[PDB]
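Data block below; observations after.
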Amino acid sequence: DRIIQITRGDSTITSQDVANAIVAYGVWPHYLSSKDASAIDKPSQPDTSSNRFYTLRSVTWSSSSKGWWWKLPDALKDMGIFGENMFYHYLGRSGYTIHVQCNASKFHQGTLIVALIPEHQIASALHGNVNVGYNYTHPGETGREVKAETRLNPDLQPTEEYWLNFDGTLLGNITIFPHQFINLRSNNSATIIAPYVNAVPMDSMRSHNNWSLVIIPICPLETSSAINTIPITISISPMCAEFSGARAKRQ
Amino acid sequence: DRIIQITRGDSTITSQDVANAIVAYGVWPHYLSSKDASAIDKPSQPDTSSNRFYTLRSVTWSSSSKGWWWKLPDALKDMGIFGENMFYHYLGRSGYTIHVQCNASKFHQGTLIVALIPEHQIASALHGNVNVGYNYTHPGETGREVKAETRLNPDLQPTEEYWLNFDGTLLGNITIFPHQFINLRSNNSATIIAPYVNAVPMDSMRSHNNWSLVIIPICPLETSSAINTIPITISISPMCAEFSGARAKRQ
Amino acid sequence: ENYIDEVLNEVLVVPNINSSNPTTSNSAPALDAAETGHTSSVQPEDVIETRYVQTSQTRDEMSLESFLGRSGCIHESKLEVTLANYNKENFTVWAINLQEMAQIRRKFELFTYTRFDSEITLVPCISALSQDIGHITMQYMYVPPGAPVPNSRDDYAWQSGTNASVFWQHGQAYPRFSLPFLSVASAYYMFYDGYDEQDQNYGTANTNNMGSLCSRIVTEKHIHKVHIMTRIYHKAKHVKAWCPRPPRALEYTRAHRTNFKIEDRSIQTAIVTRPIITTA
Amino acid sequence: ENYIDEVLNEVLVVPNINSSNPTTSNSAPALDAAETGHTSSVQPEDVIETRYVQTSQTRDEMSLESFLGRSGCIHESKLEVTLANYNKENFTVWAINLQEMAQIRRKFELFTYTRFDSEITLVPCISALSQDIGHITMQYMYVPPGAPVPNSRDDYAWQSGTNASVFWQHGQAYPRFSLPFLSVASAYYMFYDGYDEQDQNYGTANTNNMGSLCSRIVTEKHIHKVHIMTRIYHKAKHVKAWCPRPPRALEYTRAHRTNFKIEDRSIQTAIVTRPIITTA
Amino acid sequence: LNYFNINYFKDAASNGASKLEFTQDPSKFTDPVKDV
Amino acid sequence: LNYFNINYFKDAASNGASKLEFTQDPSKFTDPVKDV
Amino acid sequence: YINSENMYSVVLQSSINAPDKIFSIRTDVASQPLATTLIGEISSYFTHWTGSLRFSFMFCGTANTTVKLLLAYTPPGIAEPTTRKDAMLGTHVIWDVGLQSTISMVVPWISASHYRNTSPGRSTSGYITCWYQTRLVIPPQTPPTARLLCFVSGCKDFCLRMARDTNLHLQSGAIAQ
Ligand SMILES: CCOc1noc2cc(OCCC3CCN(c4ccc(C)nn4)CC3)ccc12
Ligand SMILES: CCOc1noc2cc(OCCC3CCN(c4ccc(C)nn4)CC3)ccc12
């Protein structure tokens, strides 16, 4: 009963220590209905070739790591058919199952917060008339590390202040967002299912990110073990993904 | 009643002088049934994003032109979602509506044969132990012109003998294949609908071409007009296209 | 009622010609457009005043089963028997094709795909090169893809533990046996517009690989030099075929390829030239 | 309704693949413990979203009866005929084993115990060493344990008063006959973990002793030197077997023993080496 | 009159030549007609 | 259609190949289950 | 490792933090390495191939050792996947080692034609490739390296046809009486 198996595509995920799973905002993902629709063309629904688990490049968690984030649909930009479907149409909508995985030993301790936050509009790094540049909120699968270094082009950079949720809001009220905690003594995986959420029936996969996945460790990773450094891996599967207004491929 | 309008995708074609239309082998295209199937995974059926009219680069018909051919699915290699779906899976199956278009004046005369032939395995240009090279039967949207020139790599080339149907068979028995004639005094368009046809439920879109479209003029284009040279254009729409065994993209 | 109707060979009948009358009308059945890709619908009675004739003729013989259902030679294997310790040699191997003899090849190549069970019939003949013959027994073993291929008159594979072998000895009548339709797909491919995984070997080469027919002389070392020529014959039973193609116009060059070109020879169809078109 | 269903070879069918759907649950069918000695229960539909496919395939050919029910060579007896008063010699004797020819031996050794009736088929061939052959008749007699064993082409035992003998003469077709399952126990032993009363001869040696197959040339003294090689073939009919064992991995050394070791030769399985395991 | 036929063998393929059944076109070669 | 079969001989063993009867496992190789 | 028992296990390292391949296998069943196995040897007695294959994996490491692996079957018409991304785009199972040692994944029968050849030689049935989803993590004072075992069987799906002699065994000399 701490087991979970989720099958999505041709893909199946397994975890032997999980804490339940969370369904965002209490609503399971669905295809867009006739009542709510706007775009009058027939959507394209790739089904199994699209709604499947895409797993991104892993990140490394150390004694020093103070947080990371990714943006969706962005992180999936280059992933398979979901990716290609993303730039061939104006519009798309999708829900996701997000499965974050980090394992350790009964001899390590650490705690991650895994939050999926809607319309996460982050804050500029500096004062005055700056904003954030397109490229910096569209990292692809690699995401943003919080780095103490000085950076390329700072007037365009986002704040590195993670305990401010990057948005100028207190971390630790970060809960009213769909979330789980990965706490090594207790679990191993985190799992979140989300429905499309947006004030419009379908939006641009290119110019707008509906969700941001942000994981910042609120309990620092401590061990006496030889492996004092462990990977966190993100796999996310789109669900009920549909696209419309097809044209040529945007670059 | 010589009018035709065929709508496929977001695409609609129109022709005001056509001769009926032909359905290949008397069978309309369909999706692959449970009884006939082999591959046990759920196919992906792009619907409107895939089954739509793709129109290729046009060719020029002159006093000297002795013929041309294209191969399917090959010609669609680079076309939109049908293309991309082609290399992301092992297997695919599709039917097509082929619409060949050439217009002129009541003051021109000429006659084309438009034939869609199944498993058109062409013949090597020279004698002895030659065969035809992959690249030469996979031209993409440009197709093969019959050219009287000497060619790059001749041991790998296909025959240029068009009146031999390229296969060592008499042109003019070329009829037992689904076909129409474009004859300028009479029509303007040719239209052919074909069902999947193959001795297997789905095959490799990459290594096997189910159909070849071949148009060779059996009546030479004559005019007293200033425009003594006219274009032929091919548009073809896949129909009930499905793919399975998805993996990464073959190059 | 079909033990009878096919004993005089009458199921599958040809229509009668009806009487016809002088036509005067806006209906022009003789006038169509062949541009449609459709063959004309006109019948004798449409363009000429015809009498009533009751047609007794029959299409039975024209059926796919009648046409493919006659055996013809698909391979000739000559075994020249040497005595150089006799065991190092003296075996046939043949990769199995309908493609090496033109007469049956042309017939099946009338269609794109074909499906049927096969009746193989053997006609072995011993050409005697010594004063005599003695007792010649032969073995023919079918060696499907992957089965161990015999490398010597010797080797274990003629044990034929699970393979099918058939034996012939001088004076025994022509061996025969049946095969079930063997393809891995729904039909055999007479033509293939594709290549292998390696993007090579265009054509039928890829499709039907039946493995090989292997022959050996089984009688142990002896003194008479002989040659054994076993000719292989093939009837199609239980037949369907699809997608008729035009018939091969030119001599066959090579198996599994449509190549027609030949060295220092004009390319020659079966059409025959006239002096002038106003004279037949 | 079973004259029909087995004429197209359809009794014994393979299950269909059902459609399957995205799973999210505490039920982990992919997760088991192979420590139990139990093979996993997982099916395609459990770990992947599958479509409905109606499976027409058939296990008939995979039945024990299909697999053992093909004849293959179990012995080759050569009779070199001498004329040194002709009666002192010129007979085969063979102790009867399925164990001297590897191909069928490997198959039956797939099981620990086997039971079945046998069809023995003979393929005699006369190798002519003189200018000619003449009239060769042969006799094959089954000589069960305890029956008098012939010591000369001569001796009375070919009278075959109660024994079974079968005759072949040149030009006659391949002899054949059937045997009823002959063991003294409920099944034949393919392997035996025990010895004789004397604590000797480990293995199958002890179990199945069928006695011997004895051959003689029966035609009386004559002038042509010949060799006669009669090959013995064996089909299993009416078969059951129990307790499958892993298949023989190495060449066979000796009959009735599992000994695999060979002199001055590396011990060689059929496995094939790779350079490195990250590449196939 | 008429004639006698039994199959003597266990397998489909052993059986002799098949019986004939009507041409029953459909006209799919000569007239595959989209509007008839 | 179907096919004809008679046994021409007095002894069991003379008879030809046996008929096939269902796999009907029980799962005794794959799952010999002491608590199922 | 050839004639030992070690031919039958693969070794995992705590030394590696990375998306590294561990091993790969041709998926055709009469193929090497799997020809030697029950299902292979038997398939090798027929010329025709079809069904789904069940690959089960048992983790033999310390009770306190943990890893997450990716197991992937990449269907034919493409090359053996060279990277984790490339592999994962196909049919896969992410396996989490925990109380139950074992996991079974399956390569669906996915193929052009209803049957395949047991000795294809040029054509492939696809590959199965094993990678590191995370890393092999260990406590203090426990072996740094852990082994992994691999099994095959057929599913309800599976069938063979056209019986032929086996290619995995031969008779060189004569057999002693
Ligand atoms: C112990 C006896 O074994 C045999 N002796 O002679 C034999 C002959 C055999 O083939 C049967 C007829 C087959 C030939 C294969 N063939 C094809 C297939 C594809 C193409 C493109 N062209 N021809 C289709 C029908 C099989 C076995 C034996
Ligand atoms: C006048 C003809 O007499 C015979 N000619 O050739 C013959 C062949 C005969 O054996 C029939 C098959 C038997 C062989 C004995 N065999 C076994 C038994 C145990 C083991 C461990 N391995 N093989 C089981 C089946 C019997 C009689 C004749």
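Methodologically, a virtual Cβ is constructed for each residue, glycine included, from the backbone with ideal geometry; neighbour enumeration extends over all protein chains shown. A short reminder: the numbers here are calculations on the coordinates, not readings from a lab.
Details
- Per this entry, residue C:226 is not counted among residues that are surrounded by 21 or more Cβ atoms within 10 Å (Cβ to Cβ) and either at the interface with chain B (Cβ under 9 Å from one of its Cβ atoms) or more than 17 Å from residue C:95 (Cα to Cα) (or both).
- Matching entry among A:129, A:135 (being surrounded by fewer than 24 Cβ atoms within 10 Å (Cβ to Cβ), part of a helix (DSSP H, G or I) and among the polar types (S, T, N, Q)): A:135
- Selected residue [within 28 Å of the chain's Cα centre (by Cα), facing another protein chain (nearest Cβ under 7 Å) and assigned to a loop (DSSP other than H, G, I, E, B)] from D:7, D:42: D:7
- Of everything listed in (1) closer than 20 Å to residue C:122 by Cβ; (2) out of contact with any strand residue (DSSP E or B) (no Cβ under 6 Å at 6 or more places or on another chain); (3) more than 8 Å from every other protein chain (Cβ to nearest Cβ); (4) within 12 Å of ligand 1 (Cβ to nearest atom), the single unmet condition for residue C:173 is (4).
- Tally of residues being touching an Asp or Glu at 6+ places or on another chain (Cβ under 9 Å) and free of Cβ contacts under 8 Å to residues at least 24 places away in the same chain across segment G:100-126: 4
- Counted as qualifying within segment G:24-80 are the strands (runs of 3 or more DSSP E) with 3 or more residues that are more than 9 Å from every other protein chain (Cβ to nearest Cβ), namely G:53-59, G:68-74.
- Check on residue C:183, buried (at least 18 other Cβ atoms within 10 Å of the Cβ) and part of a strand (DSSP E or B): no
- Here no strands (runs of 3 or more DSSP E) wholly within segment B:1-103 include at least 1 residues being free of Cβ contacts under 8 Å to residues at least 60 places away in the same chain and among the small types (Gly, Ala, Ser).
- Among the residues examined, residue D:82 qualifies as away from chain C (no Cβ under 11 Å) and either out of contact with any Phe, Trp or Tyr (no Cβ under 9 Å at 6 or more places or on another chain) or not in a helix (DSSP H, G or I) (or both).
- Residue among A:190, A:199 that is of a type in the set (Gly, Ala, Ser) and not in a loop (DSSP other than H, G, I, E, B): A:190
- Scanning segment F:6-31 for residues that are surrounded by 12 or more Cβ atoms within 10 Å (Cβ to Cβ) and over 21 Å from residue D:68 (Cα atoms) turns up F:27, F:30, F:31.
- Residue list for segment C:12-60, restricted to those being touching a residue at least 40 places away in the same chain (Cβ under 8 Å) and in contact with a strand residue (DSSP E or B) (Cβ under 8 Å, 6 or more places away or on another chain): C:12, C:13, C:14, C:55, C:57, C:58, C:59
- Against the numbered list (1) of a type in the set (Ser, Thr, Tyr); (2) crowded, with 24+ Cβ neighbours inside 10 Å; (3) over 19 Å from the mean Cα position of the chain (by Cα), residue A:94 comes up short only at (3).
- A Cβ distance below 7 Å, combined with a sequence gap of six or more or placement on separate chains, defines the contacts here; from segment D:76-89, residues that are on the phi > 0 side of the Ramachandran plot reach residues that are surrounded by 12 or more Cβ atoms within 10 Å (Cβ to Cβ) in the pairs D:86/D:153.
- Going through (1) more than 9 Å from ligand 1 (Cβ to nearest atom); (2) within 9 Å of chain B (Cβ to nearest Cβ) one by one, residue C:204 falls short only on (1).
- When D:161, D:134 are checked against the criterion of being within 15 Å of ligand 2 (Cβ to nearest atom) and part of a loop (DSSP other than H, G, I, E, B), D:161 stands alone in meeting it.
- Flag if residue C:223 is more than 10 Å from ligand 1 (Cβ to nearest atom), assigned to a loop (DSSP other than H, G, I, E, B) and either of a type in the set (A, V, I, L, M) or touching a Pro at 6+ places or on another chain (Cβ under 8 Å) (or both): yes
- Among the residues making up segment D:176-201, those that are near ligand 2 (Cβ under 10 Å from one of its atoms) and more than 14 Å from chain F (Cβ to nearest Cβ) are D:187, D:188, D:189, D:190, D:191, D:192.
Residue by residue, here is whether (1) at the interface with another protein chain (Cβ under 7 Å from one of its Cβ atoms); (2) without any contact (Cβ under 8 Å) to a residue 12 or more places away in the chain; (3) in a loop (DSSP other than H, G, I, E, B) holds:
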{"residue": "G:130", "(1), (2), (3)": "no, no, no"}
{"residue": "G:140", "(1), (2), (3)": "yes, yes, yes"}
{"residue": "G:157", "(1), (2), (3)": "yes, no, yes"}
{"residue": "G:160", "(1), (2), (3)": "yes, no, no"}
{"residue": "G:168", "(1), (2), (3)": "yes, no, yes"}
{"residue": "G:171", "(1), (2), (3)": "yes, yes, yes"}
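- The set of residues in segment B:234-251 being small (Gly, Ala, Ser), surrounded by fewer than 24 Cβ atoms within 10 Å (Cβ to Cβ) and in a strand (DSSP E or B) consists of B:235 alone.
- Filter result for residue D:70 (within 16 Å of ligand 1 (Cβ to nearest atom) and either within 24 Å of the chain's Cα centre (by Cα) or hydrophobic (A, V, I, L, M, F, W, C) (or both)): yes
- Just so you know, in segment D:57-78 the residues that are away from chain C (no Cβ under 11 Å) and in contact with a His (Cβ under 8 Å, 6 or more places away or on another chain) include one that is surrounded by the most Cβ atoms within 10 Å (Cβ to Cβ), and it is D:65.
- Note on segment A:199-222: among residues that are within 28 Å of residue A:251 (Cα to Cα) and more than 16 Å from the chain's Cα centre (by Cα), the one that is surrounded by the most Cβ atoms within 10 Å (Cβ to Cβ) is A:202.
- The number of residues in segment D:64-101 that are out of contact with any strand residue (DSSP E or B) (no Cβ under 7 Å at 6 or more places or on another chain) and within 13 Å of ligand 2 (Cβ to nearest atom) comes to 2.
- For segment C:90-103, the set of residues classified as assigned to a loop (DSSP other than H, G, I, E, B) and either in contact with a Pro (Cβ under 9 Å, 6 or more places away or on another chain) or crowded, with 18+ Cβ neighbours inside 10 Å (or both) consists of C:90, C:96, C:98, C:99, C:100, C:101, listed by residue number.
- Residues of segment D:10-39 that turn out to be over 22 Å from residue G:162 (Cα atoms), among the hydrophobic types (A, V, I, L, M, F, W, C) and within 14 Å of chain F (Cβ to nearest Cβ), as a count: 2
- For segment A:153-173, the tally of residues that are within 11 Å of residue A:216 (Cα to Cα) and not in a loop (DSSP other than H, G, I, E, B) stands at 0.
- Across segment C:125-170, the qualifying residues are those that are among the small types (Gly, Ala, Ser) and more than 16 Å from ligand 1 (Cβ to nearest atom), and the one among them that is surrounded by the most Cβ atoms within 10 Å (Cβ to Cβ) is C:134.
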